[PDB]
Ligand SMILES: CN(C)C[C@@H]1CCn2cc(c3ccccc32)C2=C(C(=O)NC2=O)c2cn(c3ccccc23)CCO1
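The chain below stands alone, shown as structure tokens; this is the form solved without this ligand.
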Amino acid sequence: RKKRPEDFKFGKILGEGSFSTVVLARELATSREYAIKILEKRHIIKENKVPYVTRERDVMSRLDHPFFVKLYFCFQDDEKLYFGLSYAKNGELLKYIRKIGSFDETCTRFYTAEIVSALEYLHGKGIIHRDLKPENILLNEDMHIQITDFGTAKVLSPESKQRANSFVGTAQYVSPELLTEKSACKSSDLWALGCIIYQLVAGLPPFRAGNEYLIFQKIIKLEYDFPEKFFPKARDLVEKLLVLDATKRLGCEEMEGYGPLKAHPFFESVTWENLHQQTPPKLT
């Protein structure tokens, strides 16, 4: 049959959006924990964004991978919509970056590789995330990544692939092409990847300033710098991702795809087929 709010005990808030919350929920019957995404219909109705919410729901129902959140169930209330998602016990990657300052090389390689492997799967389904960043990369009980927040995700097509883009994600991770021509492709997610790797090694994202206009100006100029203490092979990797021309980013279709990305020297040691079974290095 169907589930109702009364079937659950609602605990701590795991996430806070403007129009939404994610709450830790225990299903009383089974005692299984879920992260439940709760949407107020009022806001969705009022902004005429129903098609967008269904899009999120559908995109998520296509995900069956260890590195991605899973949609288990959906039910409905008088004033609220509920999505039951996998619960990532250890919270946001950002929390760990903040706690230890920056990742050592072992940890950088390991988590970058999970992210790259996650992206190859996602993109292989014609799906782009569009808001990739450390706060949307969670860690599960086993400290593997769980990529989440599919509210901005889009299914791509070859006609789509190339100037209508509706959504501009978080300023620090946005690619130049989203800003200037309102294009959004797989490559734009690869730009975000480069920002994230840089952030893991350096402790903070590459493009930084006192407001979003100033951050955008740095992005479109490619105005950023590596600190002296930056793993050389990660720097080469980052330099091959943070490239203004979207068709020249390591990993995009035009650069012969994921093969060359996974074959970058920073990933020499990585065994790509068994990642989700490896015990992750301790974060220190």
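Each residue number is its position in the shown sequence, starting from 1.
There is another form of the same protein, the form deposited with this ligand bound; it is not shown, and what comes next is about it.
Ligand-free form, site status blocked: this ligand, modelled in by superimposing site C-alphas onto its pose in the deposited complex, brings 3 or more atoms within 2.4 Å of backbone or C-beta atoms. Here the chain stands alone, but in the deposited complex its contact with this ligand, taken as any heavy atom within 4.5 Å, falls in 133 to 141 among 106 to 114, 175 to 183, 133 to 141, 190 to 198. Among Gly11, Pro265, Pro260, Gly17, the residue placing a heavy atom within 4.5 Å of this ligand in the deposited complex is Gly17. Residue contact check for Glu92: one or more of its heavy atoms lie within 4.5 Å of this ligand in the deposited complex. Contact annotation for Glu56: at least one heavy atom lies within 4.5 Å of this ligand in the deposited complex. Remark: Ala88 counts among the residues lining this ligand in the deposited complex, judged by a heavy atom distance of 4.5 Å or less. Proximity of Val270 to this ligand in the deposited complex falls outside the 4.5 Å heavy atom cutoff.
Contact annotation for 24 to 48: residues with any non-hydrogen atom within 4.5 angstroms of this ligand in the deposited complex are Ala35, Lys37, listed in sequence order.
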